[PDB]
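To start, the structure itself, in structure tokens.
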Amino acid sequence: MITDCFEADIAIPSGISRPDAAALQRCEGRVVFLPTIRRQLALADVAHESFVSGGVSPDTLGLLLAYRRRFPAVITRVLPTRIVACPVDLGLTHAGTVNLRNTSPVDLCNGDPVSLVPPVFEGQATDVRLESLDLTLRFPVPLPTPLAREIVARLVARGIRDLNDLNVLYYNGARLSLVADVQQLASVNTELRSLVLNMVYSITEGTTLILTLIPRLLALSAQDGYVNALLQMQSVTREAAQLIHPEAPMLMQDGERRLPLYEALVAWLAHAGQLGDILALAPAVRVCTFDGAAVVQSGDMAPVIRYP
Amino acid sequence: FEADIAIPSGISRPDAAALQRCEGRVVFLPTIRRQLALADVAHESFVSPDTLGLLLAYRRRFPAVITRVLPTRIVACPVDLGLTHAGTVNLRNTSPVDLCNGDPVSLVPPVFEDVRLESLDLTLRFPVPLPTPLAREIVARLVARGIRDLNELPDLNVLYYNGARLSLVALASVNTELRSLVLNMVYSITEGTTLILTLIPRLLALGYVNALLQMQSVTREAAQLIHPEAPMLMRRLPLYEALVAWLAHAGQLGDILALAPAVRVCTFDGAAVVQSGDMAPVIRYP
Amino acid sequence: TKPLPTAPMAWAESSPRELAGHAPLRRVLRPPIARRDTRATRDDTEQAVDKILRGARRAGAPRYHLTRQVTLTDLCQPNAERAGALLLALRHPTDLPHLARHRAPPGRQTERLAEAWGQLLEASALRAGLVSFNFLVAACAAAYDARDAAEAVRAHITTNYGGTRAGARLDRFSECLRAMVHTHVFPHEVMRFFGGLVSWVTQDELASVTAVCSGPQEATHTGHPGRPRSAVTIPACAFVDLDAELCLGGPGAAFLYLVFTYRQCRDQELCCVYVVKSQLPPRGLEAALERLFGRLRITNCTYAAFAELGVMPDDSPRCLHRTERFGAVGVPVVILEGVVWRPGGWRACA
Amino acid sequence: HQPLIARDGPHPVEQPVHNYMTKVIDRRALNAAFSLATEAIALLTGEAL
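Those sequence lines, one after another, are chains A, B, C and D. Following my numbering, the numbering of the first sequence begins with 341 at its first residue and continues without gaps. Following my numbering, the numbering of the second sequence begins with 32 at its first residue and continues without gaps. Following my numbering, the numbering of the third sequence begins with 1224 at its first residue and continues without gaps. Following my numbering, the numbering of the fourth sequence begins with 17 at its first residue and continues without gaps.
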């Protein structure tokens, strides 16, 4: 119960109005960013006034950047005197199953990892405010990982337009758009530096062999409908072959003992497939409904089994 | 916790004996559920997918270790839950690689070589419980194998682990089994390297951001730029729109080729190296 | 045995809730739902039979996963080092000469790692064994910041370890480590964590070491009934905080990590093994490695590699910094207290 | 209370639930007129001065 559960206890103060206190009874399946793993904390360390720096509360793209400096935890039960949350990383429960709540507009599936994202969507940024205490609780949004990478991708691309539309998405035929918002340039700089260092290190000498195969793909996309759909209608490589004639050098330095493409894959995987984990946080949570259904709708709870 | 998989009736003598053989073997199931049919487990429940389709399937399905097999039903403890409940559950090697102690072990689809039940009229394919340092290697060798068939080396087909030799050749059916990954691993790189190449000379946005970039590009990235842009070039190019299309695609392949460990072997009063065909004590809990 | 501080004395026995929970269930009633509306021994061994009955009439208490391994006594010495040190398992070294032929960059001596490892087998003999942590500090002692306490590590190893010319084991294995980074086979690709020491079995040329691969430390019955207790000890050169160096002085559970530092130069390659105590997420750790160790970044692919090692569950975690005795040698040793071991995997460079 | 249905399987979620329902009274009234002249009041009253 130290290893199985871990009851990190957020204390509730004395003076809270009964309309504000009963507003916390609808805060069941949430995500609370614990700074440490103390067994006794306060709402001020949980609320957004803990998140704010000196004079500056950052934007949504920066609001990711101190989630991953903290410990996400899910509220287990809202008592009148305290709020109990088990941290995700240490131990889930006795049996190891906690319930979240879809504050998403998006329906989940079983077995898919669930990433939690700041409130970026339109008509969605709902922060339960304590009027009796002047505290806001910016509850993040649990999302599917095929969305939660694109939503980070639209925000990072929006900041780099602003250094010289984009905020519209789709998911299973549901049109949805996120909040267009001005971004602090200090937040964009650590993001853009995190792109390039994972992009420069992802290039190896054997990748020039792969580059030669680009006109073979357009020779292949004229016959395979799978390749014709794979590239895109607006892909770069379809445009990067009509102006580009790639070639490989003849010999390799010590090219007898080393593998050109096998070294190309491992350096690619360690930096380019790894790159989505560095932008967002890791989806350490998936949903395994035991007996309910295969699709978990919005507003409903969902059972959670930890995710390696 | 231990689920149940009922064998439907009409079993011959070897078809009950073949299921008696696979005692400690790994099984994927759709949901944690008490009652469950054997057609949900079999290879017919997957339709025949490629190597790409099995890896997407093995993330969504839930792995379970078969415990003691009753003649009427297959009892299988799920890995995620009952193994955190129970102390230690055994697991038989079907790998050619001998497991050491303390090895985190993932699973691979059977790309190498498969119990078929005739009276029930179905095939059973099984994952291969091999260690995670090998797991990211055996895939990457085979992905490098398929690229050369799209125009190899006398090496790259031989692997060494713990004094044991493997042969990934041991073929053209396997190459068409893996052709979709080759069409994604190539495209995610060729889309990737161009967006690196068409943005750094496009912006090099300056002050210390491009300067620390150029400090990293001091004959390292810019020399790799000038070597690639020699056999290349330098309307509106959708540069910013393609980054979202690239990070979604290339971020997806890191999920598929991750191959997370579930099995962590802590042997006690036993051999620190478990051989092939033997059962190994397995925990996924501290 | 039923004292009269009862509410604590019954609380330590594993409560009143289990009595009251079985009260509405089992103590009452026929409901659940019903109708409506022979002089010295014996009795010495005879009460020991009754002690088995006392073992049977009854039976918090945390769990473990103990592990054992038959381990050669070349590199590590579980007799010389006390119970409660770190241990490190290895891959089998027949994979060493083949992986160096493919992972080393072009222009580098790939024959060097197979030669340096072969000289070690003929130097400790004047088979995947086990590396103890204190032995590893004297190997990487020529790269540290505090060099005198690294010599204090070197002072007891050359006098307490079993074998012939233990300093020749050190200076050859340190040559192996300089052959690791040169052939690009990084030591985190070889060094695997094996649990903290609790006990060992002595035999000629080999020892059977017991260890906890996952769990807490101090409540393992060590075998000694007077002291089933053994604290975790670390030498002072490897102990690195991030609460003091980053001004994070708040209470909270403190994590424990292993960290390798890599310096890639022409035949002058450094290795440093540190134990990093932190209040941080493991994903919120790589940025902290950028702030401190940027000196080995320029002289070099990353310079750092790390994995989880264990967790201190204390609210205010308590550390000690003493000078203990390994035989007759006073070594400044950072003694840790209350460690719950949970291992993990290393992180990548290339 | 909210009713409950037991289930088997690894228990994903549930816990017993109360509710406090409170609803507001609505005041209304009924009115009935009635009249008397003085002709009858003396009779019902009694003796005069």
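We put the CB at the ideal spot given by N, CA and C, even for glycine.
For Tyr-602/A, the chain B residues whose C-beta falls within less than 8 Å of its own C-beta are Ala-171, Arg-172, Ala-175 and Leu-187, listed in chain order.
For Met-246/B, the uninterrupted alpha helix (DSSP H) run begins and ends at 239-247, by DSSP. Taking a Cβ-Cβ cut-off of 7 Å, the neighbours of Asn-439/A in chain D comprise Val-29, given in sequence order.
By alpha-carbon distance to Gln-380/A, the top candidate from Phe-346/A, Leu-506/A and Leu-535/A is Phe-346/A. A residue is called buried when at least 16 other Cβ atoms come within 10 angstroms of its Cβ; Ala-64/D does not meet this threshold and is exposed. A distance below 7 Å between beta-carbons, with the five flanking residues on each side excluded, links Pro-1301/C to the following residues of its chain, in chain order: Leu-1420, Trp-1423, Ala-1430 and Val-1432. Among the residues of chain A, those whose CB is under 9 Å from the CB of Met-216/B are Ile-550, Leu-605 and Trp-608, following chain order. In this structure, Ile-377/A and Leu-430/A form a Cβ contact; the two beta carbons are roughly 7 Å apart against a cut-off of 8 Å. Remark: C-beta atoms of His-74/B and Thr-154/B approach each other more closely than 7 Å. When C-beta atoms of the stretch 1305-1323 of chain C are compared with those of the stretch 1266-1282 of chain C, fewer than three pairs fall below 8 Å, so the two segments do not count as touching. Scanning its chain for C-beta atoms nearer than 8 Å, with the 5 sequence neighbours on each side dropped, one finds around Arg-1331/C the residues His-1405, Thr-1406 and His-1407, in chain order. Scanning its chain for C-beta atoms nearer than 7 Å, with the 5 sequence neighbours on each side dropped, one finds around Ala-363/A the residues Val-468, in chain order. Taking 7 Å as the cut-off, the beta carbon of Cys-1436/C is found closer than this to the beta carbon of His-1288/C. The alpha-carbon separation between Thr-416/A and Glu-368/A amounts to approximately 7 Å. If you draw a 10 Å sphere on the C-beta of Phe-50/D, you find fewer than 16 other C-beta atoms in it, and that means exposed. Taking a C-beta distance under 7 Å as the contact criterion, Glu-1398/C and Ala-1339/C qualify as a contact pair.
Sequence-distant Cβ neighbours of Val-1376/C in its own chain, meaning closer than 8 Å and more than five residues away, are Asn-1357, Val-1360, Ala-1361, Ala-1364, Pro-1458, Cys-1460 and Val-1554. Taking 7 Å as the CB threshold, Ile-105/B stays off the interface with chain D. Interface annotation, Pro-555/A: not in contact with chain D, CB-CB separation never under 7 Å. If you draw a straight line from the Cα of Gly-1550/C to the Cα of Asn-1383/C, it comes to about 7 Å. Counting C-beta atoms within 10 angstroms of its own C-beta, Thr-103/B has fewer than 16 neighbours from the protein chains shown and is therefore classed as exposed. Secondary structure within the stretch 597-640 of chain A: the alpha helix (DSSP H) runs of 4 or more consecutive residues, fully enclosed, are 600-608 and 615-619 (chain order).
Chain D places no beta carbon closer than 7 Å to that of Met-592/A, leaving this residue out of the contacts. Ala-1351/C is classed as buried because its beta carbon has at least 16 other beta carbons within 10 Å across all chains shown. Contact annotation for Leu-112/B against chain D: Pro-26 [CB-CB distance below 8 Å, chain order]. For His-17/D, the three-state secondary structure derived from DSSP is coil. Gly-1533/C carries a strand assignment under DSSP once its states are collapsed to helix, strand and coil. Runs of the alpha helix (DSSP H) spanning 4 or more residues and lying entirely within the stretch 97-152 of chain B occur at 113-116, in chain order. Under DSSP, the beta-bridge partners assigned to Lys-1500/C are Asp-1464/C and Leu-1479/C.
By the neighbour-count definition (other C-beta atoms within 10 Å, threshold 16), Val-396/A is an exposed residue. A buried status is given to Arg-1314/C, since no fewer than 16 other beta-carbon atoms sit within 10 Å of its beta-carbon.
Annotated three-state conformation of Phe-1396/C is helix, per DSSP.
In the three-state reduction of the DSSP assignment, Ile-42/B falls in the coil class, being assigned neither a helical nor a strand state.
Counting C-beta pairs closer than 8 Å gives three or more between the stretch 623-635 of chain A and the stretch 23-34 of chain D, which meets the contact rule.
Residue-level contact by beta carbon fails for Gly-223/B and chain C, as no gap is shorter than 7 Å. Taken in chain order, the unbroken stretches of beta strand (DSSP E) that lie wholly in the stretch 372-414 of chain A and span 3 residues or more are 372-374 and 380-382.
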